[PDB]
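**Q** Mind having a look at this structure? Questions to follow.
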């Protein structure tokens with residue numbers, strides 16, 4: 001299991017996103033997060049990315065502490081895990097497969113060596129035929145599913161995504177949730193984030209909220 | 001008062017939009033729409049936005065007709081009515097007043113003549129807190145309200161906007177909804193749609209919907 | 033009204049000037065480069081007048199023969215660098231224009247006018263060109279002295308034409324990028 | 035090693051981009067060559083290297205020693221300027237993709253090579269065009297002979313063509329990356 005300790009970050013405008021926050025990561029688990037109506041839970045996420053410097057606080061990301069930002073170690077660890085924006089970064093001008101192969105270029109593995117896993121993903125989401133122009137004229141959720149797979153690429157150690165299915169229809173949202181469910185069916189420590197929890201209510205899993213910058217507004221519903 | 005005329009939709013290059021489009025709107029009316037995420041309801045609006053030629057059928061563009069419109073007249077109509085987006089269309093690197101007056105700057109009225117209505121709107125949205133600010137100072141919901149006011153500017157004949165509460169959780173979501181409600185309280189012809197009717201259901205309204213390019217998969221539901 | 037269209041143009045130049053003061057350090061190095069490229073360019077066009085006013191016996195017959203000989207050698211050569219001038223103008227103009235496209239995007243979203251778009255950049259281009267060209271007519275005599283110190300000023304008619312291409316640049320070279328940007332929409 | 039393959043694919047993509055904008059790139063390589071033509075055409079004019193002035197001509201060489209000694213630098217500055225402008229323009233495009241790569245976590249070299257090879261090559265090509273275009277017009281002028301075709305100088309004719317490409321790329325990359333920074 002991993003863990004984290006009380007942490008806060010003033011925005012440069014002083015707008016301290018969190019007073020403090022600590023959390024123990026049960027290795028391989030799944031947690032759905034939703035909080036205040038307008039809280040910088042998005043900022044909470046960017047912080048989870050450590051996209052900014054750690055500011056105030058302590059956290060031990062498994063075998064690595066977030067402190068001592070070694071900018072060199074960034075891609076050395078920016079490859080460690082994967083994410084998905086709620087506004088999915090769909091890459092145009094590439095075939096669906098081509099756009100799906102973006103991580104591969106970073107890897108530098110043999111192209112045929114890549115193609116196997118590449119098809120493996122398309123099967124993993126069972127995805128094919130989203131819309132008319134491969135990447136371009138796809139089906140949104142199917143395009144979203146494609147982004148999901150893009151994340152699924154590289155067999156990342158841990159997953160993450162914020163407000164996934166943010167634009168989805170309720171049935172589509174449920175489908176995405178089940179996709180994530182299967183993702184956890186792969187024994188993956190995968191987190192989640194949400195503006196609301198109406199569906200996440202059905203998600204019988206631990207959920208947490210922060211009192212608008214406080215360490216927490218709620219405990220995990222274990 | 002203002003009607004639509006069974007216009008079919010098709011970018012078959014991507015795909016056919018919808019079978020037909022007819023609907024008669026009295027002034028000051030309100031509406032809503034939802035359905036499966038496959039809704040090109042986004043595209044439906046872009047069509048309403050006249051983003052393209054009709055691609056099938058006819059629409060009674062109020063007094064005018066959308067098709068065969070002079071691209072020269074395109075700015076004039078683009079001035080005729082205002083709209084908003086689910087994205088925060090606010091322009092950074094400017095005063096809040098600067099972003100607001102951007103439409104005014106387009107208009108060309110005297111700067112002092114502008115400032116009066118500018119303050120009026122700030123108050124109108126209960127946004128008299130600070131006329132000039134960096135976007136990042138403000139709150140996320142405050143940020144959205146800002147764009148709301150941006151649209152509110154110019155006292156346009158009608159407003160469109162989009163799925164609001166793109167992230168606003170239910171308290172903020174409802175708050176924004178009521179904001180729009182008051183916007184209509186100033187007798188306003190304006191309607192938006194989203195992939196979630198649950199809140200919209202809490203409000204009595206027509207709330208027509210369609211599915212998979214159906215001209216209407218749902219009724220008036222007055 | 034034409035008066036507003038001027039105020040439209042007037043405020044257009046006002047904003048363009050702001051943008052000139054804009055990037056005051058970036059635009060400082062940039063205007064430095066603008067005048068510098070002009071100077072590198074204008075020197076050739078200047079050497080033409082140098083030869084023109086430049087005019190034993192062993193080489194006297196050869197000097198008589200040289201009439202109209204190198205005349206083409208410069209008559210063409212000047213036209214060549216004019217192309218490169220247009221090229222740099224377009225490059226810089228496009229670079230600036232690409233910045234704040236999203237702002238321009240929203241501007242279009244509200245509405246717009248090509249002039250509402252054009253003037254902010256067109257005035258900027260005309261100004262950059264005119265300034266560089268004037269710097270050319272200035273530095274010409276300074277070089278002339280630094281050389282004849284081991298020299299001629301700009302004739303009035305010549306100094307008069309010194310602004311045209313600068314004006315031509317700010318009228319057209321931008322209009323070149325104008326399609327490349329607008330037709331992009 | 036692997037970096038060899040990295041540069042190889044970088045060149046491959048760069049070549050695609052060369053074919054990229056093939057009509058725009060046509061005028062662009064034309065611009066590269068044309069800038070060089072102006073730059074080379076000024077760069078070399080050492081020709082001799190009213191007979192009463194024959195004796196006085198001795199000091200004319202000393203006078204000319206600095207006559208265009210700095211004009212070369214001036215053209216060099218202009219060359220750097222055009223290189224940076226073009227690089228940034230290309231660099232400006234595909235910014236979103238660059239972010240995505242960085243979003244995945246990128247390699248500084250991964251960014252650099254696709255551009256550094258992209259520019260040094262354009263520079264080298266223009267400079268090569270210069271070496272021939274020199275005597276191409278020289279002969280037409282001829283009607296010492298009118299053709300350079302030098303050996304060490306012929307080599308150096310393109311040496312700077314690539315050196316400037318690399319340098320201007322380093323400059324533009326620093327600016328754009330610090331902008332990312």
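Residue numbers (PDB author numbering), protein chains in the order written: chain B, 1 to 222; chain D, 1 to 222; chain C, 33 to 87, 190 to 284, 298 to 332; chain A, 35 to 83, 190 to 283, 296 to 333. Virtual Cβ for every residue (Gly too), placed ideally from N, Cα, C.
For residue 201 of chain C, tell me which candidate among C:48, C:211, C:213, C:86 has the shortest Cα-Cα distance.
**A** Taking the first residue of the third chain as 1, we reach residue 201 of chain C at position 67. Out of C:48, C:211, C:213, C:86, C:86 has the C-alpha closest to the C-alpha of residue 201 of chain C.
**Q** Would you mind giving the Cβ-Cβ distance between residue 196 of chain D and residue 34 of chain D, rounded to the nearest angstrom? I have them listed as a contact below 8 Å.
**A** Along the second chain, read from residue 1 onward, the residue named residue 196 of chain D stands at position 196. Along the second chain, read from residue 1 onward, the residue named residue 34 of chain D stands at position 34. Their Cβ separation, rounded to whole angstroms, is 7 Å, which keeps residue 196 of chain D and residue 34 of chain D in contact under 8 Å.
**Q** Can the beta-carbon of residue 159 of chain B be found less than 8 Å from the beta-carbon of residue 21 of chain B?
**A** Position 159 of the first chain, counting from 1, holds the residue named residue 159 of chain B. Position 21 of the first chain, counting from 1, holds the residue named residue 21 of chain B. No, they are not a contact pair.
**Q** Answer yes or no: do residue 176 of chain B and residue 165 of chain B have a C-beta to C-beta separation smaller than 8 Å?
**A** Start at 1 with the first residue of the first chain, and residue 176 of chain B comes out as number 176. Start at 1 with the first residue of the first chain, and residue 165 of chain B comes out as number 165. It is a contact, given that the beta carbons lie within the stated cut-off.
**Q** Could you say if the stretch 5-14 of chain D and the stretch 43-56 of chain B meet the contact criterion of at least three C-beta pairs nearer than 8 Å?
**A** In short, these stretches do not touch, since the Cβ pair count stays below three.
**Q** Closer than 8 Å, Cβ to any Cβ of chain C: which residues of the stretch 217-230 of chain A, in chain order?
**A** Listed by position along the chain: 217, 218, 221, 222, 225, 226, 228, 229.
**Q** Am I right that residue 82 of chain D and residue 133 of chain D are in contact with their C-beta atoms under 8 Å? What's the rounded C-beta distance?
**A** Along the second chain, read from residue 1 onward, the residue named residue 82 of chain D stands at position 82. Along the second chain, read from residue 1 onward, the residue named residue 133 of chain D stands at position 133. Not quite, the Cβ-Cβ distance comes to about 22 Å (not below 8 Å), so this is no contact.
**Q** Measure the C-alpha to C-alpha separation of residue 140 of chain B and residue 319 of chain C and round it to an integer number of angstroms.
**A** Numbered from 1 along the first chain, position 140 holds the residue referred to as residue 140 of chain B. Numbered from 1 along the third chain, position 172 holds the residue referred to as residue 319 of chain C. Distance between the alpha carbons of residue 140 of chain B and residue 319 of chain C: 43 Å.
**Q** Which residues in chain B have a C-beta closer than 9 Å to the C-beta of residue 69 of chain A? List them in chain order.
**A** As a first step, residue 69 of chain A must be located in the fourth chain, where it is residue number 35. Going along chain B, no residue has its Cβ under 9 Å from residue 69 of chain A, so there is no contact; the nearest lies around 29 Å.
**Q** What residues are listed by DSSP as bridge partners for residue 9 of chain D?
**A** Within the second chain, the letter at position 9 stands for residue 9 of chain D. In DSSP, residue 9 of chain D forms a bridge with D:18.
**Q** Per DSSP, residue 82 of chain D is paired with what?
**A** Locating residue 82 of chain D in the second chain gives position 82, counting from the first residue. Beta-bridge pairing links residue 82 of chain D to D:159.
**Q** When you check each C-beta in the stretch 107-139 of chain B against every C-beta of chain A, which residues fall closer than 7 Å?
**A** Flagged, chain order: 108.
**Q** Within the 8 Å Cβ cut-off, does residue 152 of chain B reach chain A?
**A** In the first chain, the residue the question calls residue 152 of chain B occupies position 152. Output row for residue 152 of chain B: interface = no.
**Q** Check for me: the alpha helix (DSSP H) holding residue 118 of chain B runs from which residue to which?
**A** Here the question's residue 118 of chain B lines up with position 118 in the first chain. Residues 111-124.
**Q** Taking 8 Å as the threshold (beta carbon to beta carbon), is residue 91 of chain D in contact with chain C?
**A** Residue numbering aside, residue 91 of chain D sits at position 91 when the second chain is read from its first letter. Closer than 8 Å to some Cβ of chain C, the Cβ of residue 91 of chain D qualifies, so yes.
**Q** What residue ranges within the stretch 127-190 of chain B form continuous alpha helix (DSSP H) runs of no fewer than 4 residues, ordered along the chain?
**A** The qualifying runs are 140-152, 170-185.
**Q** Step through the CB atoms of chain A and report whether any lies within less than 8 Å of the CB of residue 244 of chain C.
**A** Residue numbering aside, residue 244 of chain C sits at position 110 when the third chain is read from its first letter. Chain A, which has no Cβ nearer than 8 Å to the Cβ of residue 244 of chain C, makes this no.
**Q** Using a Cβ-Cβ distance cut-off of 8 Å, determine whether residue 193 of chain C contacts chain A.
**A** Position 59 of the third chain, counted from the first residue, corresponds to residue 193 of chain C. Yes, residue 193 of chain C lies at the interface with chain A (some Cβ there is under 8 Å from its Cβ).
**Q** Please check if any C-beta of chain E sits within less than 8 Å of the C-beta of residue 331 of chain C.
**A** As a matter of chain content, chain E is missing from the structure shown, whose protein chains are B, D, C and A.
**Q** Please tell me whether residue 237 of chain A has its Cβ less than 8 Å away from any Cβ of chain B.
**A** The residue labelled residue 237 of chain A in the question sits at position 97 within the fourth chain. Answer yes: the Cβ-Cβ gap between residue 237 of chain A and chain B drops below 8 Å somewhere.
**Q** Figure out for me which residue from C:324, C:271, C:276, C:283 has the closest Cα to the Cα of residue 306 of chain C.
**A** Indexing the third chain from 1 puts residue 306 of chain C at position 159. Nearest of C:324, C:271, C:276, C:283 to residue 306 of chain C, Cα basis: C:271.
**Q** Cβ closer than 8 Å: which chain A residues qualify as neighbours of residue 79 of chain B?
**A** The residue given as residue 79 of chain B occupies position 79 in the first chain. Correct list: 244, 245.
**Q** Flag residue 208 of chain B as yes if its beta-carbon sits less than 8 Å from any beta-carbon of chain A, otherwise no.
**A** Working through the first chain from its first residue, we reach residue 208 of chain B at position 208. No, no contact with chain A.
**Q** Do residue 99 of chain D and residue 107 of chain D count as a contact pair if the criterion is CB distance below 8 Å?
**A** Residue mapping note: residue 107 of chain D aligns to position 107 of the second chain, counting from 1. Residue mapping note: residue 99 of chain D aligns to position 99 of the second chain, counting from 1. Against a cut-off of 8 Å, the Cβ pair of residue 99 of chain D and residue 107 of chain D comes out as no contact.
**Q** Could you please give the first and the last residue of the uninterrupted beta strand (DSSP E) stretch that includes residue 34 of chain B?
**A** To locate residue 34 of chain B, count along the first chain from 1; it is residue 34. First-last of the beta strand (DSSP E) with residue 34 of chain B: 30-34.
**Q** Report yes if the C-beta distance between residue 323 of chain C and residue 301 of chain C is below 8 Å; otherwise report no.
**A** Counted from its first residue, the third chain places residue 323 of chain C at position 176. Counted from its first residue, the third chain places residue 301 of chain C at position 154. No; because the gap between Cβ atoms is not below 8 Å, this pair is not in contact.
**Q** Pick out whichever of C:262, C:68, C:223, C:242 has its Cα sitting closest to the Cα of residue 75 of chain D.
**A** Residue 75 of chain D sits at position 75 when you count from the first residue of the second chain. Ranking C:262, C:68, C:223, C:242 by Cα distance to residue 75 of chain D puts C:242 first.
**Q** For residue 231 of chain D, go through chain C and note every residue whose CB falls closer than 7 Å to its CB, in chain order.
**A** Nothing about residue 231 of chain D can be reported from this structure: the residues present for chain D run from 1 to 222 only.
**Q** Can you give me the start and stop residues for the alpha helix (DSSP H) that residue 61 of chain A sits inside?
**A** By one-based count along the fourth chain, residue 61 of chain A stands at place 27. Note, residue 61 of chain A: alpha helix (DSSP H), 56-77.
**Q** Let me check understanding here. Comparing Cα to Cα, which of B:71, B:72, B:47 lies closest to residue 61 of chain B?
**A** Numbered from its first residue, the first chain carries residue 61 of chain B at position 61. Measuring from the Cα of residue 61 of chain B, the nearest candidate turns out to be B:47.
**Q** Could you pull out every residue in the same chain whose Cβ sits closer than 6 Å to the Cβ of residue 66 of chain C, ignoring the five residues on either side in sequence?
**A** Taking the first residue of the third chain as position 1, residue 66 of chain C is located at position 34. Closer than 6 Å at Cβ, skipping near neighbours: 262, 266.
**Q** Please classify residue 26 of chain D: is it buried, with 16 or more other beta-carbons within 10 angstroms of its beta-carbon, or exposed?
**A** In the second chain, the residue the question calls residue 26 of chain D occupies position 26. Residue 26 of chain D is exposed by the Cβ-count criterion.
**Q** Going by DSSP, what residue range makes up the alpha helix (DSSP H) through residue 210 of chain C?
**A** Indexing the third chain from 1 puts residue 210 of chain C at position 76. Note, residue 210 of chain C: alpha helix (DSSP H), 205-232.
**Q** Excluding the five sequence neighbours on either side, which residues of its own chain have a C-beta within less than 8 Å of the C-beta of residue 45 of chain B, listed in chain order?
**A** Residue 45 of chain B sits at position 45 when you count from the first residue of the first chain. For residue 45 of chain B, where only same-chain residues beyond five positions count, the Cβ hits under 8 Å are 160, 162, 193.
**Q** For residue 180 of chain D, is the classification buried or exposed, using 16 other Cβ atoms within 10 angstroms of its Cβ as the cut-off for buried?
**A** Residue numbering aside, residue 180 of chain D sits at position 180 when the second chain is read from its first letter. Under this definition residue 180 of chain D is a buried residue.
**Q** With residue 46 of chain D as the anchor, note down where its beta strand (DSSP E) starts and where it stops.
**A** Within the second chain, the letter at position 46 stands for residue 46 of chain D. Note, residue 46 of chain D: premise wrong, no beta strand (DSSP E); alpha helix (DSSP H) at 41-48.
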